[PDB]
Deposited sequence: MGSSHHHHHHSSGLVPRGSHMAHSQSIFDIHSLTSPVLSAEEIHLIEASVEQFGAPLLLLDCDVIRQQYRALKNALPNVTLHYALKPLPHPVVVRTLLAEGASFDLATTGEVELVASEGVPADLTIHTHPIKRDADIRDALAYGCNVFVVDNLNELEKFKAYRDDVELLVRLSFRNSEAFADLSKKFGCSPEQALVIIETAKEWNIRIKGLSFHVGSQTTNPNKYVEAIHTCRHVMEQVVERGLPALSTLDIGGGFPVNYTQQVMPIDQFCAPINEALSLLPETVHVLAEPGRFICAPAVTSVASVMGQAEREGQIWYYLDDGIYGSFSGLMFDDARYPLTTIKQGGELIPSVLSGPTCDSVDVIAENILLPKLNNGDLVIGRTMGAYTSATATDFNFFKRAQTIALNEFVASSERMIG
């Protein structure tokens, strides 16, 4: 569902419109336009906002080989959750030492597959999981994931029990991790977590256990959809302050996903047909909630939407997806100029938890991703 252009030969600009129209002319709709310049911009902005933190890109929101290559070249590390993600980074020549595996609940095979690639950092949040590493004790170092509806992470008290048990079992503990949740708009969540982890690290030392080397602050850095979020520097300011209280012997990781990929993709769908229903014009698009807009369902999402056509009468409209399902609706009420069949509907901030969560329902073709600007 993807190809690259390596040789090109609120309101959209004339240049953007031209690119969009040329792309539909060349490749046909629906499309996802991936701009590698934005991947780099986002990575650089986060690096500048969170100095002295190793950024492990979480493949989950957009596990795209071009994104992986772009980030590798930029100096990024990676956060893997499955054998499939291990295989993707392996195929793109990512050195295993740049990777961590963070799925807290793993089958024996999942551990073996990652180890075979060379990824040797894993996460545990319970004793049942810890036991799985006895057979691998020479080979691994573990992050213990804390939580403070949450599905993963143990309590601070449980974390100490896990760490003490790992010592008994001769299993190395690399450090602690947490994930405050995706699209977190309040940085105080990070601050409170960091303080708690710091206190846990102190308790480990006071108990005479090996001192922890690493804090992994997870993902969740927010981006703008239809509402303004805190600028990344301002967002990370209190985070940086909390981190500064850690011992100098602790180094810090994060697992950003959405922040890096979300702004980098623009969706393009076309109108297949249309009908007036109870005073609204319904447009039936070639992409929807079983496709690139699946984030409306799984990610509680809302994306800015626009049209190339602008000006004249704005009409109460409905944007429907292509499937036969009445649930497949992208915008229940939206003002739009009158569109003809074949006219384009554009979605912004379409990079994260979109195509990643697409289906093949009805066998409608998935949007094709077009990768731009990888080199230079």
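Asker: Quickly check which stretches of the deposited sequence aren't in the model, judged by C-alpha, and list them in order.
Answerer: Holes in the chain trace, numbered from 1: 1-22, 32-35, 175-183, 412-419.
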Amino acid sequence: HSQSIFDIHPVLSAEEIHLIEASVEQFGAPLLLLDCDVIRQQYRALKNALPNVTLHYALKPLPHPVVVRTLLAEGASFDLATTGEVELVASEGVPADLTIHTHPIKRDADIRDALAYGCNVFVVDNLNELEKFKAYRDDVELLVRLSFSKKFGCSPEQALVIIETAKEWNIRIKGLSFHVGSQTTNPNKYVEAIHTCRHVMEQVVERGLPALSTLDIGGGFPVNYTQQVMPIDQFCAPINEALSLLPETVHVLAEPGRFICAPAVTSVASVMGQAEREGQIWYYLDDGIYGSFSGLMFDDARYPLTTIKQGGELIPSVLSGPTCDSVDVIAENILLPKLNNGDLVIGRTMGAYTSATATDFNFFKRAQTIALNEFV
From here on, numbers count along this sequence of modelled residues.
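Asker: Mean Cα B factor from the PDB record: higher for 351-359, or higher for 16-24?
Answerer: Stretch with the greater average CA B-factor: 16-24.
Asker: Mean Cα B factor from the PDB record: higher for 312-320, or higher for 42-50?
Answerer: Comparing averages over the C-alpha atoms only gives 312-320.
Asker: Maximum C-alpha temperature factor per the entry, among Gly175, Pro104, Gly273, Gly208, belongs to which one?
Answerer: Highest CA B-factor of the listed options: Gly208.
Asker: For the listed residues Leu34, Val327, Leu31, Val66, which one has the largest C-alpha B-factor as given in the deposited model?
Answerer: So the option with the highest C-alpha B-factor is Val327.
Asker: Quick check on the deposited entry: does the C-alpha B-factor of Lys60 sit in the lowest, middle or highest third of its chain?
Answerer: It belongs to the middle third of the chain when residues are ordered by C-alpha B-factor.
Asker: Taking only the Cα B-factors deposited for this chain, tell me whether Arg277 sits in the lowest, middle or highest third.
Answerer: Within its chain, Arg277 is a highest-third residue by C-alpha B-factor, going by the deposited values.
Asker: Please place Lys150 in the lowest, middle or highest third of its chain according to the CA B-factor in the PDB entry.
Answerer: It belongs to the highest third of the chain when residues are ordered by C-alpha B-factor.
Asker: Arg258: which third of its chain by C-alpha temperature factor?
Answerer: Its C-alpha B-factor belongs to the lowest third of this chain's values.
Asker: Ranking the modelled residues of this chain by C-alpha B-factor as given in the entry, is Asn333 in the lowest, middle or highest third?
Answerer: Highest third - that is where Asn333 ends up once the chain's C-alpha B-factors are sorted.
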